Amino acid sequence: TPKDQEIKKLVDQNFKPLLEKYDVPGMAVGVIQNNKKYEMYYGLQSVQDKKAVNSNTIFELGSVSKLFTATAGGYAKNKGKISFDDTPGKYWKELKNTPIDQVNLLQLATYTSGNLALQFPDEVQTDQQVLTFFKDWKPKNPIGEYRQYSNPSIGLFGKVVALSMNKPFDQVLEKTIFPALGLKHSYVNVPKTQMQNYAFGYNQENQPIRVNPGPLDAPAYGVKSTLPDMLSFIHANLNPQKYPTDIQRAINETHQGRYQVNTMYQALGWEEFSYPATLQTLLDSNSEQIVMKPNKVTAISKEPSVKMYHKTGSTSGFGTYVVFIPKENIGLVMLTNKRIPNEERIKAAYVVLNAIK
């Protein structure tokens, strides 16, 4: 059986049934193995337009956007534009000598400020309102010791990275970072000329929806991409030595674990695990306790030789999951235009990656 057919059968066995089960209109599943890419598309990018999911379909990546933010930070750091020991007021001057200026960039990127929640308050929308929010911020938990997954936190990180590179964040990605990764159809703002390819997302009643604009949206959850581009991103993560030095260092920077919450190593954007990882480890990483509540972090006291990495993402109408394993030279991308439980993403990817010859 040709290998493309093997992978396809595995994807059919493990991902395709999720479509019926969860009433998901459209799915794109990609596998890369030893630098060969395999693309599988199912269903519709727009139900009402009867438009099939295909290689040009653009999907909302949700929190997988944090991976690009992390990469941009890695790029800026390794070009000497920022140091992770800096504080935000060095760059956003209006924050100099305010309480948030006691939190360093690494802590912002990895969610350990000790007082930032998942979202900004709903009324925070404009740039002035974002500025005021951070001007007015006060500490709670000891800085650097507690992880609380947060959009504002990595949002501010991204904003500071953009300031350091003298360009708005959407330009850092569209003009620097996407091109450096060789991505040709990845966007912060999808242009009118590509809207025809932008999937509808579908909410829990299968009503068509797309992401709402939000404060510091772009670095937190605001990237949109295609299956081929995400495969290319995974390839870059699997093979950073094949890229020019500035982006190579940036990609490597994102793989570095910074602390642990039990079995989960928090890298920049990516989550990291000792490899081989059991399924339960991977599922534990996206438990309610990890994702929604604060957890005291521990210093890494066991650094494994071999790791794997993953990240989930959801917007209101989309799901994403990306995973890669350097030792096995393998990775997988799932994109859907409806959310499905993260545990079903992880398990299906687990089964497929462990069964591939």
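Rigid core: the largest C-alpha set superposing within 1.5 Å between the two forms. All residue numbers refer to positions in the sequence shown, first residue = 1.
The higher RMS C-alpha distance to the shown form in 9 other deposited structures of this protein, out of 266-274 and 240-248, belongs to 240-248, with every structure fitted on the core.
Rigid core fits of the other structures in 9 other deposited structures of this protein place the C-alpha atoms of one stretch farther away on average; of 18-26 and 5-13, that stretch is 5-13. Between 308-316 and 47-55, it is 47-55 that carries the larger average Cα temperature factor according to the deposited entry.
The question of which stretch, 255-263 or 121-129, has the higher mean Cα B factor is settled in favour of 121-129. Residue-level inspection of the entry shows that, of 152, 228, 219, 244, 244 has the top Cα B-factor.
Out of 183, 106, 160, 279, it is 183 whose C-alpha atom has the highest B-factor in the PDB entry. Residue 170 sits in the middle third of its chain by CA B factor, as recorded in the PDB entry. Residue 292: CA B factor in the highest third of modelled residues in this chain (values from the PDB entry). In the deposited entry, the Cα temperature factor of residue 330 places it in the middle third of its chain's modelled residues. Among all modelled residues in its chain, residue 134 ranks in the highest third by Cα B-factor. Among all modelled residues in this chain, the alpha-carbon of residue 235 has a temperature factor (C-alpha) in the middle third.
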